[PDB]
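Below you'll find only one chain, the form deposited in one PDB entry, shown as structure tokens.
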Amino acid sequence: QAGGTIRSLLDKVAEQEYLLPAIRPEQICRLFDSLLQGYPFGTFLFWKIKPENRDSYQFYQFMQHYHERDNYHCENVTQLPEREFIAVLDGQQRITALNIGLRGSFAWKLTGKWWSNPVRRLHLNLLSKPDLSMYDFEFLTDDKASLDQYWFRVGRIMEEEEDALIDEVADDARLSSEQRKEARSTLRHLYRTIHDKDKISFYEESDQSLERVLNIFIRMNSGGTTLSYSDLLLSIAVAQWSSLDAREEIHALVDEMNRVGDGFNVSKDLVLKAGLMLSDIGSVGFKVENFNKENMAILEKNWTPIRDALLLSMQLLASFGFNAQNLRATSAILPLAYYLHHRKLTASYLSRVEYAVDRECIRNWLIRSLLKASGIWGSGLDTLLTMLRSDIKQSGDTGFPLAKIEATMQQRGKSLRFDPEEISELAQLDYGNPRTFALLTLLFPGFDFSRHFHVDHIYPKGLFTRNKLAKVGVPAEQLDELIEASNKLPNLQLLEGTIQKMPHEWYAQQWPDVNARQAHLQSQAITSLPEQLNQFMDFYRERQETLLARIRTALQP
């Protein structure tokens, strides 16, 4: 146990003496800042395998070079060490983070534009300046760090000797006198922390008594680790209620809400934030300051109406057929739940046709809010929720105020008016985008979303395989130029009911009536259906031009 060095540990990892029994870049950079800032590491748990049990278990190596496509699974042990070896039971991620940073690489898929066709390594600015962080660490590509901020690869601390690196900086003339001075202090801090410092601590033990020492660690070190601000806040908040049955009631509603229809995944966090919003509390932040005794008193005095409304909220989203896979913005339920609370609406709201227009007004808003790439439900959300809540109080007594909510949102910069580019992106959306279902719900508003339904390909994806298209006679150049489009909105439609024929056959053995067939089709924006698969592209580009103009109109206010 006692103490130890990061260099010592990283090297036993390399010699494969430190292993792993079975089992975010920016976050690795954050460990390294905290480390160089002197935030100490906690104690780690280690298991020493007797040489007799060397073959008894299947150990795996830590990750050094990460590639989401190439190496993403912890590689198995290559050469079983010839002597005593250790397997880590706690601190795996902490160790892996140091390994990737000082001896490895990280390749993550770049977020590209919607038109789509990189091994980076850890670097530190020696002329690091603080940011209200203290030390700027970034995973960068070599050419992006050669930028004419003096960037240094932290990895060389493990490959070169201090004297060489200290000297390179001093012999660099791109740097002025005062600069080289700062750079040296910083480079030294790094070398003198990865090397020459007692940061690692480790409870170690053998097979027989491993049972006892894991439990000592759990008593002495933490048990039931804080789920961040979240379980803390819940803990803090529940501790200001008369009912010592409060903790449960929240978890209970969360469960009921997540079994409303086909299924949802809200968090206790949403319930707490909703509580604040519905209680007309002036701040809606998820902060312990806002979960005081006075604030939580209001919630406890109004819990039953608030719970009911949030449940009806999910019931309404499922009336519009949302589930855990298509609704990604749980933050959008909050305005809706304030509305059902302001008007004290009940389950009857979903049935009475008298409220049908208002339900379709809400859906218009929700869909358009979720169709925006991003910017509506992310940053600045707390100011928005506040101003949206306000709108509902001043003019919701009549009905949902879309006119006002639309412009309040424009003012906070979060307009729901789509640009020609945002519209062009929406017309090439892929099958998997959660935004796809909802675009179709808007474009095709007549459906019983309240009942089972799904999204399918007019021309089935099965036929879209390189051989099959070529058997029919598609230029080899156009192969794989169609298979990609087979999964794009112009070949996507909304169908009634749960989940082998070309569309024009299914549509003539299921739509015998010429007049009714022509209608279902024009209603699904299917203007024509060509019989040779080698004419699908003329179809695709035709439906798109039709849908593009239908998307513009449907998002015009």
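Numbers for residues come from their place in the sequence shown, where the first is 1.
Not on display, but discussed next: the form deposited in another entry.
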*Pick out which of 349, 321, 32, 227 lies at the hinge where one rigid part swings against the other between this form and the one not shown.*
227
*Distance direction in the other entry for the C-alpha atoms of residue 374 and residue 68, relative to the displayed form (3 angstroms or more)*: closer
*If the CA atoms of residue 484 and residue 107 move by 3 Å or more in the other entry, do they move toward each other or away, so closer or farther than here?*
closer
